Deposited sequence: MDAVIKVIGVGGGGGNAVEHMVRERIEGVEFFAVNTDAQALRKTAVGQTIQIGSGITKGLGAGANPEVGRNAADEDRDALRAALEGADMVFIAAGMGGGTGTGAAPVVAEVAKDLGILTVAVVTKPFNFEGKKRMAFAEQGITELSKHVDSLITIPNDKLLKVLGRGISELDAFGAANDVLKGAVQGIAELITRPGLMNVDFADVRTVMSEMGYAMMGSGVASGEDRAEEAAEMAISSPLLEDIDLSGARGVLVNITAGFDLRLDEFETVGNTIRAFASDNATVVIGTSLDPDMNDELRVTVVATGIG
């Protein structure tokens, strides 16, 4: 079976991976990497990796340098946790000290082991201030040198009263989960048209920027409607699919998913994509879905 590891780095990334643990992603192994020993005690994520001593200067933990130095000190533990994976996902909320600085170290450890590495990260809300935004962008520059594909979700693009801080980050958590689940479950729980992992590697390895959209529909034309909804999703509104060197598509549904629906989704995606590129369409089986069919589209090698 495939070995797929999902690593939440820092507080924001740990929170996103905790959401993935609660909502489930089939067949993946979850890890939390953090300088914050208290966060590692509290997390429901089953495997934790302490980086650095866990002993803090006041406000020192906000510098990405602290997260970078901590991860570098514990590169042996990172390597030992990642060794043997077929794919690694790195989730982080960029802008703090630990995610921003440690996530590129985790990514490079995986890259140097030869593991297909995909990062799905957020940028801070503008209200968090320019300093955090500058830290985040510098961290994304560094992360981009060490990953195969990078999906960057600006919190400002996703999102009132009754909206708590917990609720505000829940929106990001759902998108990060959708990207990880959409890619991984093609491998860990295939449906009638099983994707070949070499096709996943083809569209994700050393590709650069990527972006995800998703849609879901029920009824007679569910396949068309879900695919069209994914292409028209707010995250892909600015990305022409025919500018993507790769396109990965996950159709998720129950036992009733039909070959004609696979063909229809493929026709729709190929209508919008280019043909000087590589397209990969796979399926996942979710036995608890009745009526509904979800389409997740990951455009890779955009720029």
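Deposited-sequence ranges lacking C-alpha coordinates, in sequence order: Unmodelled stretches: 1, 58, 162-164.
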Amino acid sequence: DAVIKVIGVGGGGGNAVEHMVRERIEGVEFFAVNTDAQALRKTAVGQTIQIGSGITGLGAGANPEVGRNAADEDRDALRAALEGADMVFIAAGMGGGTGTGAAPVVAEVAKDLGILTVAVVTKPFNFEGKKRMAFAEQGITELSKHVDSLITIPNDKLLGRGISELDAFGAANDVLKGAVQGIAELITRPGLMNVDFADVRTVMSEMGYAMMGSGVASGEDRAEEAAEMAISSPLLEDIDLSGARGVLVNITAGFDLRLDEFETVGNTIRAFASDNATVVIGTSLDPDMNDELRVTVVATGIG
From here on, numbers count along this sequence of modelled residues.
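On mean Cα temperature factor in this entry, is 31-39 or 238-246 the higher one? Mean CA B-factor is higher for 238-246.
Mean C-alpha B-factor comparison - 197-205 and 88-96, higher one: Stretch with the higher mean C-alpha B-factor: 197-205.
Sorting 277, 51, 251, 45 by Cα temperature factor from the record, which one lands on top? The C-alpha B-factor peaks, among 277, 51, 251, 45, at 277.
Identify, among 159, 120, 183, 109, the residue whose C-alpha carries the highest B-factor in the deposited PDB entry. In the PDB entry, the greatest C-alpha B-factor among 159, 120, 183, 109 is found at 159.
Would you mind ranking residue 2 by its C-alpha B-factor against the rest of the chain and naming the third, lowest, middle or highest? Highest third of the chain for residue 2's C-alpha B-factor.
Quick check on the deposited entry: does the C-alpha B-factor of residue 285 sit in the lowest, middle or highest third of its chain? For residue 285, the deposited C-alpha B-factor lands in the middle third.
Third of the chain's Cα B-factor distribution that residue 130 belongs to, per the entry: Highest third of the chain for residue 130's C-alpha B-factor.
Please place residue 301 in the lowest, middle or highest third of its chain by C-alpha B factor as given in the entry. Its C-alpha B-factor belongs to the middle third of this chain's values.
Taking only the Cα B-factors deposited for this chain, tell me whether residue 75 sits in the lowest, middle or highest third. Residue 75: CA B-factor falls in the middle third of its chain.
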